[PDB]
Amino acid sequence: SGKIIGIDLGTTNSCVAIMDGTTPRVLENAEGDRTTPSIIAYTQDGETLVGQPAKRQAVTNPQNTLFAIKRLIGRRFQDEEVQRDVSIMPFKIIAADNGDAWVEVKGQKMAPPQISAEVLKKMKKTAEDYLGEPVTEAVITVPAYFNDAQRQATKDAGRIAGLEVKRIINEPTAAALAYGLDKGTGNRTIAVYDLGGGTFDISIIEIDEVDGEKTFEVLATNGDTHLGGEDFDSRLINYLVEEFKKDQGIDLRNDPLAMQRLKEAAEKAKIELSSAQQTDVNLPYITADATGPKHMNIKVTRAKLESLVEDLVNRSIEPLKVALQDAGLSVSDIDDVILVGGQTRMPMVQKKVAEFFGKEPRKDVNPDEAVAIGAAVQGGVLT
């Protein structure tokens, strides 16, 4: 029946949503999850894995497990983001013959859109599995700061995935549509605070009712492309390494398998601490030595997590001030504050944002779902 999907093609994760009549519905993937890791593995035996199945095999296949491709897409190999990433990514980043930032996978040169297209194919299949019918139309989101090359390379990923890309929309504009900030009257200035797995974006968006149609303008954009939830995980991981050093003599940083388990356990404990006051990190058989297997069992309070990440939360505030100054505005000129991204579910982040703007952020949608939902709302406007 010709159905247009909304896709959040995120740095860390991806989300796919749809109009179910008048109501947006985020879809569950083949693994039962409403979010799919933006991770693509080319296995030794010839399979292409995407999402949590690729995440599981990553430490067995570091060369051919790709992730963070949103950092490369539409960029040149000499871009400062790309040069920073060359020495930290375990997969091989290369210059194309035209100077573009490409990847080499099992000896094959590939452009970033060919890799991101595997994420988009999974979002497409995820929609087809829920609907019981083909899906070939999409709205896809990008950061507001993306230039024509990054937008066009994102379009190219959709085309390679077999999607007719009806429209590339800004992420904070999609978030405004999901929060229903179009079902209003007059002028409306909004702050979109977006804290994902890898990036922090602040966008100030003006929204005028004029001539019966609603205008949308990005007045200012700021942030930090190296501030996200993975950095919050890293603070908890480093705490868990040092407590296990103190209590059992072992530096777990030597054991790269123990470290894959510890990262996973730190993220789970962080996420539990958004709704509980304390949790346990319990990893049986975490490592072993001459005296046999060791077991990690460490209580983590929410207050301990908050102390480990406070300066990361405080880094998000200076780009808010600069964004307001570039827009020519004060906190009182902001009518609505919306949160986007899974890391904004943390009570400390919500409270710091509410405190800075002097108003409680809206609650209409999940922060981690807003970009995909708004892409779907925009798709339904074109249906």
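All residue numbers refer to positions in the sequence shown, first residue = 1.
Comparing the deposited coordinates for 271-279 and 285-293, the stretch with the larger average C-alpha B-factor is 285-293. Remark: stretch with higher mean C-alpha B factor among 211-219 and 106-114 is 211-219. When the C-alpha B-factors of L339, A30, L49, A68 are ranked from the entry, the top spot goes to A30. Highest C-alpha temperature factor among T141, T136, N254, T126 per the entry: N254.
Ranked by C-alpha B-factor against the other modelled residues of its chain, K321 falls in the highest third. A376 sits in the middle third of its chain by CA B factor, as recorded in the PDB entry. Ranked by C-alpha B-factor against the other modelled residues of its chain, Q350 falls in the lowest third. When all modelled residues of the chain are sorted by CA temperature factor, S234 is found within the middle third. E81 sits in the highest third of its chain by CA B factor, as recorded in the PDB entry.
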